[PDB]
Amino acid sequence: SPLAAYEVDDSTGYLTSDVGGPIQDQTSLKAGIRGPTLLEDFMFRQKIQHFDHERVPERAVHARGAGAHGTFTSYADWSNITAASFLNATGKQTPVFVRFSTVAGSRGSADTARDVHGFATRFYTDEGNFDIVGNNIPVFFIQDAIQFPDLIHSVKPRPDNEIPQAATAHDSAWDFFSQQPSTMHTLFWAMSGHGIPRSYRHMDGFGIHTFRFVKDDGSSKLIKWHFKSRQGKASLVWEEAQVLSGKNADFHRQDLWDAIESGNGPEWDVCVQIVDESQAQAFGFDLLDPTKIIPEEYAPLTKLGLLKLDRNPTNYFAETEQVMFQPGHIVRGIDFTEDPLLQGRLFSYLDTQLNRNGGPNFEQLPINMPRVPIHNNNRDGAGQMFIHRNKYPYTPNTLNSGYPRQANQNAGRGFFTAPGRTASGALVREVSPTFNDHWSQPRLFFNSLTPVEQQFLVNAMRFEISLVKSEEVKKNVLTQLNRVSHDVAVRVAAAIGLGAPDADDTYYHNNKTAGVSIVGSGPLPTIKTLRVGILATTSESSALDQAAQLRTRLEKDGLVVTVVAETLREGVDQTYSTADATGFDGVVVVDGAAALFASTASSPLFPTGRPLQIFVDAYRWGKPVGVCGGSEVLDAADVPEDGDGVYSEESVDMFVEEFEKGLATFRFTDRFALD
Amino acid sequence: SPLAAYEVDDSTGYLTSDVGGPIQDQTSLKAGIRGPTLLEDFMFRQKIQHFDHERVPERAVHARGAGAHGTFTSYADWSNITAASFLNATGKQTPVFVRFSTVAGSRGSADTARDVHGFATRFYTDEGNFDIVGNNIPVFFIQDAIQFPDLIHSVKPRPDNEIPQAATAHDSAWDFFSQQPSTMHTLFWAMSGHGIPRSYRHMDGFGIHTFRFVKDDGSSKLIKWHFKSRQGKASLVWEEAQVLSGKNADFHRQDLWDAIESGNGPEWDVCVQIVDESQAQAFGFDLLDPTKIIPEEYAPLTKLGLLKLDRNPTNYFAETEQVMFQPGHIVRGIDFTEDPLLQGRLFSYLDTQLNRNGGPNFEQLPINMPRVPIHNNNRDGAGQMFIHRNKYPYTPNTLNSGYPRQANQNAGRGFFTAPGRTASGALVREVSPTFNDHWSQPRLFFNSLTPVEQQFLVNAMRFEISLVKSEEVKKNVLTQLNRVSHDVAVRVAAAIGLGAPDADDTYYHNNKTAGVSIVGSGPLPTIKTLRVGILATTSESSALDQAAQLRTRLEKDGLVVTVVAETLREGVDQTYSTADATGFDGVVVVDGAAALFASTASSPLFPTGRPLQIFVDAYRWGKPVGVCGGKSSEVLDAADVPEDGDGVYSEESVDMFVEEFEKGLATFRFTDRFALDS
Amino acid sequence: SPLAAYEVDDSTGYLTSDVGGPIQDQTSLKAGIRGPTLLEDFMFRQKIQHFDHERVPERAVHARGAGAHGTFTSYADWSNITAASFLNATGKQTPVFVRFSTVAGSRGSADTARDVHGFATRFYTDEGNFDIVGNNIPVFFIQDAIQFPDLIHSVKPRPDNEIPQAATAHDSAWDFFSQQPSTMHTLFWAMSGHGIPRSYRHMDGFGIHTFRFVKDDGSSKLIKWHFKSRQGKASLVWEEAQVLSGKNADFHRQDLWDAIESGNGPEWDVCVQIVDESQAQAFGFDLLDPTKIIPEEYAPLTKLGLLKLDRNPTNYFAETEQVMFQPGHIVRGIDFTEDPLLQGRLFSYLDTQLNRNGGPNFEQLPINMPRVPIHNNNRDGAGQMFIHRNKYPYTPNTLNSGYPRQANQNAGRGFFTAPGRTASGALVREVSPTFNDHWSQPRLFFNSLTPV
Ligand code: HDD
Ligand code: HDD
Ligand code: HDD
Ligand SMILES: [Ca+2]
Ligand SMILES: [Ca+2]
Ligand SMILES: [Ca+2]
Ligand SMILES: [Ca+2]
Ligand SMILES: [Ca+2]
Ligand SMILES: [Ca+2]
Ligand SMILES: [Ca+2]
Ligand SMILES: [Ca+2]
């Protein structure tokens with residue numbers, strides 16, 4: 001509603017100033033036709049002042065990201081576990097807006113950097129805006145919010161030269177990770193495929209912190225939020241991610257945009273783990289510690305409702321850039337915990353909007369407005385867009401008949417702090433000793449990945465640590481990695497020419513947990529939206545016919561098909577010059593195009609070797625690949641015909657049926673070497 | 001209200017955050033009943049953050065002021081002199097918002113400082129917002145906008161100690177005035193009663209600069225804007241103004257507010273002088289020079305329409321504080337001239353809103369919004385409220401079919417610069433010699449005042465210049481004033497114990513012009529809203545009766561009546577403790593209260609001598625005063641007021657008393673009570 | 001460093017607040033060891049408030065870039081052609097700071113996008129800061145500054161979805177180019193290897209506009225600035241640039257930084273073409289039109305001096321992010337022309353610094369300060385760092401003895417507008433017909449390239 005009221009249509013009409021005076025804006029007013037521009041040209045100055053002031057500070061973290069509208073629908077009346085109004089009835093719908101992001105990069109940095117990712121969700125509830133400001137990884141680097149600028153200074157570019165962009169592959173970051181062992185768990189997640197998701201739709205969301213569900217009788221339970229993807233879990237490989245950062249920095253935002261435009265809006269089951277207050281230390285670690293997960297073997301997930309994103313913004317700046325999330329946007333039926341990471345966040349997100357917005361009335365921007373009436377005695381401030389009719393904005397008053405009325409647990413559906421909560425003890429700047437195991441869970445996570453996934457994680461660390469210049473930092477990194485796993489430390493040390501420290505088995509173990517592996521999570525549950533590149537030629541009308549035949553068969557099943565040839569024409573979407581294997585989830589060469597794949601093939605229309613390099617890159621990166629028409633191509637690529645995920649069929653139908661199974665498998669991991 | 005779409009009502013409902021979450025706001029969340037406050041108390045921090053951020057920079061000038069909504073109505077179809085849409089039909093109405101102000105004082109300074117006054121009018125026209133950003137004085141201190149910081153630094157407080165507030169009565173101001181002779185004309189105005197108007201309703205507004213009216217055929221004429229009060233012109237006296245500043249700093253804003261609430265919303269005829277382009281230098285001065293008026297004897301006023309203010313704001317900060325006027329808010333049919341003061345203003349008022357608002361989307365505030373659609377390619381910026389559908393905001397485009405289309409003289413009702421305008425010559429930083437007579441028009445104004453009015457102007461200068469510490473500066477002041485009038489320099493010099501310099505008659509003359517004198521502008525055309533204090537007593541039930549009878553008779557005629565007595569009760573509005581002569585336009589004592597006027601009278605309920613002081617001050621400041629009931633000698637003798645004085649009334653009959661007293665309210669001030677230099 | 005006065009050393013000492021109280025910053029203050037954080041924890045709040053407020057708006061264009069300090073050295077006394085003090089003696093040295101950039105991308109976008117590039121140079125002269133705010137391409141896309149938002153909207157990402165980053169390869173850009181044919185000359189330059197230079201050191205810098213040199217006697221000549229690389233000209237190839245954008249988004253800034261650190265600081269000869277006022281239309285186009293070059297065959301380069309960059313910044317944000325260039329930073333001896341693109345720039349760069357800095361005292365930032373005294377009556381404003389002793393900051397005054405004195409052509413080495421300049425005619429919003437050939441110069445350029 002606040003959005004619809006502020007939509008501005010410029011599909012017709014004459015140009016006006018911001019005060020509705022019709023004007024022009026194409027030629028400056030000058031003293032003669034070859035003369036100096038005049039100060040009295042208000043048309044020039046208003047247009048250029050606006051331009052000059054377009055930009056606002058980027059977000060201090062998560063500067064790079066993209067958003068969409070949708071709806072949350074409750075599966076049930078959840079009154080038995082929370083008073084939350086948005087959860088109080090089967091089928092109850094609440095509008096949402098979600099923004100997804102990286103963490104370290106500035107605006108304009110690439111989507112496919114290796115990083116932690118944001119997953120921030122606003123529920124415009126009938127009892128106020130409720131935000132769950134989460135990440136795609138369920139644990140955080142640090143245990144106390146006061147350390148956030150340390151973490152973030154260390155990962156962001158070195159501040160003398162501002163190098164490197166959007167990367168932890170520098171001395172300072174690994175200096176911090178090695179000195180602050182709490183970082184191990186999130187580190188291991190970021191060095192897995194969770195640091196390079198295939199799309200925002202193929203990752204989960206996590207609140208990280210323990211929160212409370214509070215009932216209308218005052219009782220509480222402890223919860224963790226999990227948003228579980230209905231699209232499946234999928235990652236890129238690092239070598240692919242690096243090329244994609246160059247070829248399409250906008251890959252995740254375009255994937256989102258496109259999925260929504262085609263009627264394939266992504267979905268998640270909004271879930272919780274729910275445990276009793278008495279179980280704060282029962283699972284072998286402290287539920288106040290944001291570097292720990294509750295293994296699902298100890299507390300299963302309950303599905304609360306469906307999150308669907310199905311509408312793109314109208315103006316990115318107004319909606320996506322200006323959305324201002326806060327964990328302080330809480331509603332009756334939810335409460336905080338004493339997680340010292342959460343506790344400090346509550347301060348930060350209120351304060352930082354003053355930086356972004358430049359003034360205190362940021363909740364008035366349409367994307368930040370609620371969908372219920374606002375009744376309070378907040379007044380004035382720069383940018384004040386309301387005209388308040390209550391001329392006695394103080395409590396207690398008689399002159400406004402004691403309105404607005406105080407809301408609390410007893411009346412008015414007020415927020416209230418869970419009334420069972422207490423504090424006791426000295427006023428301290430001390431870390432709880434219950435937070436001191438920094439290594440067991442990183443090992444739990446590592447144990448739960450498949451062998452090739454473990455290899456990819458090792459290889460990520462090998463990559464990044466080999467770029468650390470400091471020999472001491474690199475030694476200190478091995479010291480910490482060795483506390484998680486001696487084998488990781490040895491394997492990583494081998495790439496950097498150092499020896500690993502001797503095994504220290506204090507935290508070693510062989511326990512695993514379900515639901516953290518990407519490679520182990522089975523085939524994708526849908527292939528709709530996945531991209532197939534068909535490599536063809538204009539030389540041979542046979543090639544274009546085969547391509548068209550595959551197109552119809554793949555499109556029917558919701559795949560996005562790109563036919564690539566030397567030059568554009570009817571049925572060809574993309575020239576070889578602009579094509580890359582990073583643009584596809586699977587690649588098919590029509591056998592009529594075989595000539596383009598020869599070592600001597602050359603054209604002024606694309607770079608030498610491009611058609612073959614698309615095919616070979618796709619294969620090396622694990623993708624389903626094949627040749628359709630029943631040979632030259634598989635041999636030019638040194639691609640084995642018997643390999644899993646390599647397809648070779650004369651029959652278009654048999655080809656598509658086999659090829660679509662391989663898109664669901666998504667990645668053929670047998671093509672990656674192990675230690 | 002014209003801003004009803006933006007109104008928020010809080011007459012019902014439970015307290016919420018700004019995101020609609022019901023909350024409380026009266027107790028902090030604490031770790032135990034006697035414990036420390038918690039960081040997780042979001043209720044506390046959202047509330048206090050908002051409080052901590054309430055303030056915005058005051059305006060760089062005109063910080064002290066007040067506003068109201070109203071309606072402009074055209075008297076005619078003016079399409080034969082201007083294309084301006086708001087003037088294009090008889091009876092055509094346009095919403096307005098007006099803010100009045102002083103100039104030098106900060107927020108919270110007193111309304112009744114001696115100063116220039118602003119009068120800034122927004123017309124929310126059907127072809128865009130059009131602002132006339134004027135003053136109550138028709139001429140400006142300086143002739144080029146680049147000098148404005150110099151002027152304003154010199155008048156504003158000295159920057160080491162920030163003293164004095166809201167006053168030109170200090171060395172720096174008079175240094176600048178004496179060094180920059182352009183200032184003489186506005187200085188003479190500010191030192192007249194125009195520097196201390198009775199109210200905003202009793203002053204005129206002027207655009208100061210020559211502008212252009214431009215027809216749809218592209219022809220132009222030169223115009224001056226003159227908003228002429230239908231309430232009459234009136235001033236305070238200085239001795240009164242000084243007290244009033246202390247007793248009621250809000251006097252002008254309260255007067256306006258009250259007049260609108262009572263259904264007596266003030267009115268002005270919006271008028272122009274209209275002259276041809278060929279007359280730019282025909283009147284003996286340059287029409288580009290903002291230190292000159294065109295005498296009404298050379299060019300008469302044409303009444304274009306009625307401005308009436310009739311609705312107070314709902315939220316002062318949102319509407320009055322935030323209104324951001326600009327002379328760059330111009331409409332088709334009006335154009336600029338090459339007046340160097342005007343030319344630079346155009347820059348300043350767009351820039352300065354960035355300071356006030358903190359971001360570039362200030363035209364989106366409700367009070368600044370137009371009442372017609374906006375179609376342009378301005379985008380983003382902090383605080384962006386709009387959600388623009390056009391995703392191709394560049395010209396020229398095909399992907400948005402070429403919209404928005406360019407508007408100009410021939411299409412779309414565009415603004416256009418008057419096509420007859422030209423420029424010639426070297427690119428220069430020099431002053432036109434046509435601007436060099438700084439002294440003839442100040443003398444024209446002074447010549448046009450009555451003798452008591454001229455004494456008041458001399459006394460204002462005596463007062464201020466006596467507070468200048470520097471003997472140098474004071475001599476330089478006398479040097480400049482002497483160029484306007486030797487008699488002024490002599491009479492000022494006498495108070496400060498210097499000799500005036502020898503006469504220099506270069507610019508002396510005896511010409512006069514109509515319409516600049518307050519004292520000479522004849523009785524007020526209406527007495528509605530004027531204030532009558534009735535001084536009574538609770539000791540005599542007959543004095544209360546007398547007061548009640550006078551109340552009924554005066555209220556019939558639209559006077560604001562206050563009955564004063566020792567204590568409040570039914571029919572008594574104010575105590576002597578809170579009353580003052582600055583609160584009234586006339587003072588009546590009921591003769592049943594004579595005992596309160598004796599030298600010996602004392603009470604713990606009010607300061608010694610308060611009833612009599614009210615009467616004596618009112619008399620000494622020129623107001624109509626009297627005693628009603630027939631026994632007048634005890635009160636008049638205590639006050640040293642002669643029963644036969646002009647504007648002194650004594651009648652037993654309430655009806656006759658009121659008939660006579662009302663004539664005196666229209667006369668307004670009895671100027672025979674002020675001494676003149678021989 | 002030239003900014004040594006403002007440096008802060010933290011190689012020793014105990015952690016303090018901003019007001020010098022020693023503190024800690026690693027654990028929050030809590031009501032109990034597993035308790036909630038306390039509002040009275042000022043250590044936490046001061047630290048996190050600073051963090052929360054670290055960012056400032058990126059530049060509206062040229063957001064992605066990097067800078068270095070160096071020195072300019074005059075080859076001669078140029079008194080013959082300009083009163084500019086920095087050019088008045090052989091060997092005269094002036095400190096400089098230079099920032100290089102792309103145009104369209106935001107912060108964090110890749111260095112090796114295909115784009116126009118900035119080359120902005122500040123000379124911290126003994127008669128005031130003088131900036132030449134240039135590009136590596138000598139011509140601009142448009143002929144009137146009022147059009148800049150249109151160009152820039154069209155080349156920046158589409159505003160519904162903010163796609164694509166740092167690229168002209170989208171409908172809106174090519175729509176604008178094809179509807180505004182002025183854009184052809186720059187477009188051909190940007191689609192050449194000049195759009196993907198090998199490094200900032202392997203590109204030239206151009207002022208683009210005609211400016212004036214003005215002598216002390218008031219006479220003037222028309223000039224174009226050229227900064228000619230002593231490293232040579234080199235480009236990437238486009239396939240290579242695309243991969244490099246992914247592998248190393250920081251390639252140009254690293255190349256620069258490393259060159260300086262190794263003692264290979266890059267050099268340019270600072271040159272001008274110098275023609276008479278009477279030649280404004282003599283070359284077959286109008287010297288007021290920023291979409292045209294003067295062919296070197298018509299006016300040769302004169303070498304004025306040497307630009308060498310040889311010192312990297314100490315704090316990128318303080319120095320590089322904060323440097324606020326302006327074409328209005330001009331000195332006696334130089335003047336503007338009536339190029340309608342230049343004319344409107346003069347407004348933009350003073351105004352935009354209010355957005356970036358959030359207040360009016362941005363010339364007080366160390367990187368923006370001049371290296372000579374400041375004497376004026378500018379006062380107050382948010383962030384005011386000066387404590388002004390003159391309590392009579394108005395002119396004309398007696399109470400401060402008439403100081404500061406006015407400076408002009410004849411007194412105090414004032415800036416002055418070239419006194420031969422004039423204007424004639426109607427006040428118009430019309431384009432000179434002398435600007436109308438959008439296509440010959442693009443062809444000239446294309447013809448000058450080799451076959452490959
Ligand atoms: C003490 C400070 C602090 C700490 C410990 C954290 N953050 Fe945060 N976060 C910020 C301070 C902050 C911020 C500076 O306040 C940001 C920048 C922009 C904004 O609105 O808030 C932000 C932004 C931000 C966003 C981007 C929201 C958007 O798309 O606009 C996400 C998703 C997260 N954070 C998620 C997290 C998670 C899951 C954390 C740990 C569980 C976390 N942050 C800890
Ligand atoms: C070069 C600068 C400059 C000059 C020469 C003037 N002013 Fe001005 N004026 C401003 C710069 C300014 C300003 C700094 O831009 C203000 C402060 C607040 C605002 O909106 O504009 C302003 C405010 C302001 C206001 C207050 C409007 C309101 O109520 O909000 C009035 C009535 C005037 N001025 C009137 C005048 C008149 C009649 C002038 C001469 C004919 C004049 N000003 C010259
Ligand atoms: C009407 C506005 C306008 C126009 C026509 C131009 N520019 Fe500009 N330019 C700006 C408005 C602007 C700006 C918005 O004012 C920027 C953003 C940051 C800043 O300081 O100024 C800017 C920044 C900017 C920078 C970055 C400086 C730095 O590194 O901090 C360079 C190098 C240029 N521009 C170069 C040019 C050249 C060579 C132009 C044409 C010859 C040009 N600009 C036309
Ligand atoms: Ca580093
Ligand atoms: Ca993986
Ligand atoms: Ca003084
Ligand atoms: Ca008077
Ligand atoms: Ca025009
Ligand atoms: Ca586009
Ligand atoms: Ca600000
Ligand atoms: Ca000059």
Side-chain angles (χ1 to χ4, degrees), chain A residues 44 48 51-52 54-55 154 157-158 163-164 170-175 468-469, chain B residues 58-63 65 67 98-101 103 116-120 131 133-135 137 139-142 144-149 151-152 205-209 290 320 323-327 339 341-342 344-345 347-353 355-356, chain C residues 58-63 65 67 98-101 103 116-120 131 133-135 137 139-142 144-149 151-152 206-209 290 320 323-327 339 341-342 344-345 347-353 355-356:
Chain A
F44 172 90
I48 301 304
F51 175 76
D52 288 347
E54 283 182 16
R55 306 290 177 260
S154 85
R158 203 179 69 190
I163 299 174
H170 58 111
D171 294 47
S172 63
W174 290 86
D175 189 39
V468 171
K469 296 166 181 299
Chain B
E58 72 185 21
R59 295 155 171 71
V61 284
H62 301 255
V98 172
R99 186 169 175 286
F100 304 106
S101 53
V103 175
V116 176
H117 303 70
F119 189 152
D131 294 350
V133 187
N135 283 341
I137 287 166
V139 291
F140 211 72
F141 279 121
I142 52 166
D144 186 322
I146 198 170
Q147 300 180 170
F148 197 55
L151 168 71
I152 297 300
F206 299 105
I208 301 200
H209 312 291
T320 306
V323 68
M324 288 159 192
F325 293 99
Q326 295 197 44
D339 170 325
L341 190 71
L342 171 62
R345 287 175 75 199
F347 171 78
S348 176
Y349 293 69
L350 181 66
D351 172 53
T352 200
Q353 313 315 167
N355 169 93
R356 291 167 59 181
Chain C
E58 78 183 18
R59 294 158 170 73
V61 283
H62 300 255
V98 170
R99 190 175 173 281
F100 307 104
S101 55
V103 174
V116 174
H117 307 68
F119 191 154
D131 299 348
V133 184
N135 291 330
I137 289 168
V139 289
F140 210 73
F141 277 125
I142 52 166
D144 190 321
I146 206 172
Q147 298 178 172
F148 197 55
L151 168 67
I152 298 300
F206 297 100
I208 302 196
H209 311 297
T320 309
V323 67
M324 288 160 192
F325 292 100
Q326 295 192 48
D339 171 329
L341 188 79
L342 172 59
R345 285 177 78 202
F347 168 82
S348 177
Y349 294 70
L350 181 65
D351 171 51
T352 200
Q353 317 314 171
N355 167 88
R356 286 169 58 185

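Residue numbers begin at 1 in each chain, while the letters A, B, ... track the order of the sequences. Counting convention: from 1, in listed order, for ligands and their atoms alike.
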Nearest non-hydrogen protein atom, [atom]:
atom: atom 32 (C) of ligand 3; result: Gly134(C) O, 3.2 Å
atom: atom 35 (C) of ligand 3; result: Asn135(C) OD1, 3.6 Å
atom: atom 27 (C) of ligand 3; result: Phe325(C) CD1, 3.8 Å
atom: atom 19 (C) of ligand 3; result: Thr352(C) CG2, 3.6 Å
atom: atom 5 (C) of ligand 3; result: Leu341(C) CD1, 3.5 Å
atom: atom 30 (O) of ligand 3; result: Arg59(C) NE, 2.8 Å
atom: atom 39 (C) of ligand 3; result: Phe140(C) CE1, 3.2 Å
atom: atom 29 (O) of ligand 3; result: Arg99(C) NH1, 2.8 Å

### Message
Evaluate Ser101(C) for polar contact with ligand 3, using N/O atom pairs at a separation under 3.5 Å.
### Response
no
### Any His209(B) heavy atom less than 4.0 Å from ligand 2
yes
Taking all atoms of both residues into account, what is the closest heavy-atom pair of [X] and [Y], and its distance?
X: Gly344(C); Y: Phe44(A); result: CA-CZ, 3.4 Å
X: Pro157(A); Y: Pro164(A); result: CG-O, 3.3 Å
X: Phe325(C); Y: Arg99(C); result: CE1-CB, 3.8 Å

### Query
Who pairs with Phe119(B) by ring-ring contact (aromatic ring centres under 6.0 Å, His included), at least two apart in sequence or on another chain?
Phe100(B), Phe227(B), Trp268(B)
### Side-chain (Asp339(C)) to main-chain (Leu341(C)) donor-acceptor, under 3.5 angstrom
yes
### Task
Say whether, by atom type as modelled, one donor and one acceptor occur between the side chain of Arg345(C) and the main chain of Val133(C) under 3.5 angstrom.
yes
### Proximal ligand 3 atoms for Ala145(C), defined as those under 4.0 Å from one of its heavy atoms
1 (C), 5 (C)
### Message
With 2.8 Å as the threshold, which protein atoms of type N, O or S lie near atom 8 (Fe) of ligand 3? Leave waters out.
### Response
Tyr349(C) OH
### Task
Run the numbers for me: atoms of ligand 2, each under 4.0 Å from some heavy atom of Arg356(B), listed by number.
18 (C), 19 (C), 20 (O)
### Task
Of the side chain and backbone of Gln353(B), name the one, both, or neither that has a heavy atom under 4.0 Å from an atom of ligand 2.
side chain
### Message
Using side-chain heavy atoms (C-beta onward) and a distance below 4.5 Å, is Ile208(C) in contact with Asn135(C)?
### Response
yes
